[PDB]
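A.B. asks: Shown below is the structure under consideration.
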Amino acid sequence: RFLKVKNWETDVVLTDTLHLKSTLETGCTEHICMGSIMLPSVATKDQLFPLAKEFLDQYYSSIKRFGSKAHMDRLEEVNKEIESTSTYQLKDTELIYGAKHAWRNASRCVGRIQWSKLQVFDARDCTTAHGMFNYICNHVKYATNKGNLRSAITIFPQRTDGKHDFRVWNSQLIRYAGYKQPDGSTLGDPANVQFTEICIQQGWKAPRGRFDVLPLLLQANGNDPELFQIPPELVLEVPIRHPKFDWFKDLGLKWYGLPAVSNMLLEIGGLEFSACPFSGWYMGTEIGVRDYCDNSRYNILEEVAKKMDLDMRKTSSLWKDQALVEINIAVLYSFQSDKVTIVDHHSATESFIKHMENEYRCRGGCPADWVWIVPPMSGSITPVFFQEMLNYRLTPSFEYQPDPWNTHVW
Ligand code: HEM
Ligand SMILES: CNCc1cccc(-c2cc(C)cc(N)n2)c1
Ligand SMILES: C[C@H](O)[C@H](O)[C@H]1CNc2nc(N)[nH]c(=O)c2N1
Ligand SMILES: [Zn+2]
């Protein structure tokens, strides 16, 4: 009941007991392993105080006042407000703790060494899609910090009944538009073409280029969402050059500095925050491997390998592999020559192993998803390839949620 994870590059072993505190199910049974399925699958007051009890107990058991009366009066206070209103509200300190631990428990995140250094923006007083748009601009500006990126989350009012829900309809706050062409093909980002249509549907005026920043579709208190365009001076973008190849400029590629996921749900003490955009900084491979070279994304390996003049008749020339390394040299180089925060997959996996140690020491475990932790290129020349990870679901936590245009009573 006190399981062991081994590292095979180092022969180092650690003991996981943190998984005893786990609660939610994983998809795996004693006779089936779902570790590579992407997404496996009102809340009453009878269930809401147990979750409120569990959260608050570890929150006072973090500030070395577990079991005190300051704890007990807080437990009694939440208990009775869960009688009165049936729901409850978190303290400022309980929200900052809960948010930082949702990140800390996010087993699919390799950059979690930074989990404590997070800036929480309490937007629970927000009421309008314009108020949402204000909070979100202030997040963008702060989290960007002139390229010296800082991580942050903005927490909008929690779900109450179920109809009245704050939702950022964008998947990330900043993404490039996606238009399918009359000739069947696709301009911009193909992942967003469904979204982009809903944007033009709500009256967006598309510039119809490659790297068009989408507007925000912000839904406030269950209301029909409204389009707002982040001021372009707030959207920091990096033009992508290669430090050897001058033809690389003519590829005319760029990316935005700020990775800010907006479509997930923040669970704290049984409360559900449907709108909780959180931002850090990019690991190089997300842009240079996935965004740029996924077949159903920008799919640029074709053209990069051309300009390198590569043996493209043969699958086995590793022409694909060769153009993939140059592209991530170009992402990295470009972001750093502009002083915009980016981390390479070597230094990020190293930090994660480093983070993983401290978690097994001063916490007794680190939930971790190998399928997601291993970078999508050069897997085994990074140290996380050789690290056995235990995946389990701790709380507070970030969760996926449905897209709102497929659930909203419109
Ligand atoms: C310090 C900078 C950060 C780095 C370098 C980093 C790194 C990464 C990477 C590479 C991924 C994989 C993304 C993908 O493959 O689609 C990821 C996912 C994730 N990150 Fe981190 N991240 C950072 C900050 C944050 C913050 C600030 C939060 C939350 C407050 C967070 C929570 C998550 C979660 C929940 C996921 C998984 C979401 C999903 O399953 O799609 N990360 N991160
Ligand atoms: C399923 N995609 C989730 C997703 C998509 C795109 C980017 C991220 C991300 C988020 C943060 C905070 C940091 C980082 N380096 N990347 C996450
Ligand atoms: C089918 C498979 O689970 C899927 O491709 C996963 C694999 N690992 C991943 N890992 C990361 N970091 N990001 C991803 O999108 C995925 N996709
Ligand atoms: Zn499994």
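In the structure tokens, each chain is lettered A, B, ... as it comes, each chain's residues begin at 1, and ligands are numbered from 1 in order of appearance.
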How would you write, as a PyMOL selection string, the set of residues no farther than 6 Å from ligand 1 when counting only C-alpha atoms and all ligand atoms?

C.D. replies: chain A and resi 103+106+108-111+114+151-153+278-283+398

A.B. asks: Name the residues, by chain letter and number, that sit within 6 Å of ligand 3 using only C-alpha atoms and all ligand atoms, and give them as number ranges by chain.

C.D. replies: A: 36-38, 371-373

A.B. asks: Kindly export the residues of the current selection with N, CA, C and O atoms, as an mmCIF file, in the first residue's frame.

C.D. replies:
data_model
loop_
_atom_site.group_PDB
_atom_site.id
_atom_site.type_symbol
_atom_site.label_atom_id
_atom_site.label_comp_id
_atom_site.auth_asym_id
_atom_site.auth_seq_id
_atom_site.Cartn_x
_atom_site.Cartn_y
_atom_site.Cartn_z
ATOM 1 N N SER A 36 -3.598 5.983 -21.794
ATOM 2 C CA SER A 36 -3.371 6.694 -23.049
ATOM 3 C C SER A 36 -4.673 7.163 -23.683
ATOM 4 O O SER A 36 -4.645 7.730 -24.788
ATOM 5 N N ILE A 37 -5.798 6.974 -22.995
ATOM 6 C CA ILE A 37 -7.061 7.586 -23.383
ATOM 7 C C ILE A 37 -7.064 9.029 -22.891
ATOM 8 O O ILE A 37 -6.831 9.294 -21.704
ATOM 9 N N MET A 38 -7.350 9.961 -23.802
ATOM 10 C CA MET A 38 -7.150 11.383 -23.521
ATOM 11 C C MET A 38 -8.070 11.876 -22.414
ATOM 12 O O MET A 38 -7.613 12.490 -21.441
ATOM 13 N N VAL A 371 2.435 9.712 -20.191
ATOM 14 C CA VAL A 371 2.054 9.897 -21.588
ATOM 15 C C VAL A 371 2.153 11.358 -21.967
ATOM 16 O O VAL A 371 2.531 11.701 -23.094
ATOM 17 N N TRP A 372 1.860 12.244 -21.012
ATOM 18 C CA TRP A 372 1.869 13.683 -21.215
ATOM 19 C C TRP A 372 3.164 14.346 -20.757
ATOM 20 O O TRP A 372 3.521 15.413 -21.282
ATOM 21 N N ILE A 373 3.888 13.755 -19.797
ATOM 22 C CA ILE A 373 5.094 14.424 -19.304
ATOM 23 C C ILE A 373 6.224 14.342 -20.333
ATOM 24 O O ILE A 373 6.950 15.324 -20.551
#

A.B. asks: Mind checking which residues fall within 12 Å of residue 389 (chain A), counting only C-alpha atoms, ignoring those fewer than 6 positions away in the same chain, and posting them as a ChimeraX atom specification?

C.D. replies: /A:3-8,13-16,19,35,107-108,352-353,356-357,360,365-374

A.B. asks: At a cut-off of 9 Å and counting only C-alpha atoms and all ligand atoms, what residues surround ligand 4? Please answer as a ChimeraX atom specification.

C.D. replies: /A:26-30,32-36,391

A.B. asks: Of the residues A:354, A:241, A:210, A:361, which is the one nearest to residue 337 (chain A), using only C-alpha atoms?

C.D. replies: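 When distances to residue 337 (chain A) are compared using only C-alpha atoms, the smallest one comes from A:241.
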
A.B. asks: Could you pull out the strand (DSSP E or B) residues of region 241-388 of chain A from DSSP and send them as a ChimeraX atom specification?

C.D. replies: /A:254-256,260-261,264-268,271-273,278-279,282-283,342-343,387

A.B. asks: Hey, can you spit out that residue selection with N, CA and C atoms as a compact mmCIF listing (two decimals), in the first residue's frame?

C.D. replies:
# COMPACT_ATOMS: atom_id res chain seq x y z
N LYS A 254 5.13 33.13 -36.93
CA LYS A 254 5.24 33.78 -35.63
C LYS A 254 4.42 32.98 -34.65
N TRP A 255 4.63 33.26 -33.37
CA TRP A 255 3.78 32.70 -32.33
C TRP A 255 3.62 33.73 -31.23
N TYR A 256 2.56 33.55 -30.44
CA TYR A 256 2.31 34.41 -29.29
C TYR A 256 3.02 33.88 -28.06
N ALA A 260 -2.28 30.36 -22.35
CA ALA A 260 -3.30 30.71 -21.33
C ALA A 260 -4.56 29.90 -21.62
N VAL A 261 -4.69 28.76 -20.95
CA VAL A 261 -5.82 27.87 -21.17
C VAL A 261 -7.02 28.41 -20.42
N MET A 264 -10.97 25.08 -18.93
CA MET A 264 -11.00 24.04 -17.91
C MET A 264 -11.69 24.54 -16.65
N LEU A 265 -11.98 23.58 -15.76
CA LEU A 265 -12.79 23.81 -14.57
C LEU A 265 -11.91 23.66 -13.33
N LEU A 266 -11.96 24.63 -12.41
CA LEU A 266 -11.17 24.60 -11.18
C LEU A 266 -12.05 24.11 -10.03
N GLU A 267 -11.79 22.91 -9.54
CA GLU A 267 -12.52 22.38 -8.39
C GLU A 267 -11.75 22.66 -7.11
N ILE A 268 -12.39 23.35 -6.17
CA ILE A 268 -11.83 23.63 -4.85
C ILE A 268 -12.90 23.34 -3.83
N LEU A 271 -16.37 23.23 -4.81
CA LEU A 271 -16.89 24.31 -5.62
C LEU A 271 -16.26 24.26 -7.00
N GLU A 272 -17.04 24.64 -8.00
CA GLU A 272 -16.68 24.49 -9.40
C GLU A 272 -16.62 25.86 -10.05
N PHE A 273 -15.43 26.27 -10.48
CA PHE A 273 -15.23 27.55 -11.15
C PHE A 273 -15.12 27.26 -12.64
N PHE A 278 -5.74 30.25 -16.92
CA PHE A 278 -4.47 30.13 -16.24
C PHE A 278 -3.36 30.12 -17.28
N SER A 279 -2.24 30.73 -16.94
CA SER A 279 -1.23 31.02 -17.93
C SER A 279 0.14 30.76 -17.33
N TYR A 282 5.70 29.02 -22.41
CA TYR A 282 5.73 27.85 -23.26
C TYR A 282 7.00 27.07 -23.04
N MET A 283 6.86 25.75 -23.01
CA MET A 283 7.94 24.85 -23.38
C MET A 283 8.05 24.82 -24.90
N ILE A 342 10.77 31.36 -22.54
CA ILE A 342 10.52 30.03 -23.10
C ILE A 342 11.53 29.06 -22.49
N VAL A 343 11.14 27.80 -22.36
CA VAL A 343 11.99 26.77 -21.76
C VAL A 343 12.09 25.61 -22.74
N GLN A 387 11.77 7.77 -16.08
CA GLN A 387 11.18 7.94 -14.77
C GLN A 387 9.81 7.28 -14.75

A.B. asks: Do you know which residues are at most 10 Å from residue 410 (chain A) counting only C-alpha atoms, after dropping those on the same chain fewer than 4 positions away, and could you put them as a ChimeraX atom specification?

C.D. replies: /A:222-225,404-406

A.B. asks: What residues in region 290-366 of chain A get the DSSP label alpha helix (DSSP H)? Please answer as a ChimeraX atom specification.

C.D. replies: /A:292-293,301-307,319-337,345-362
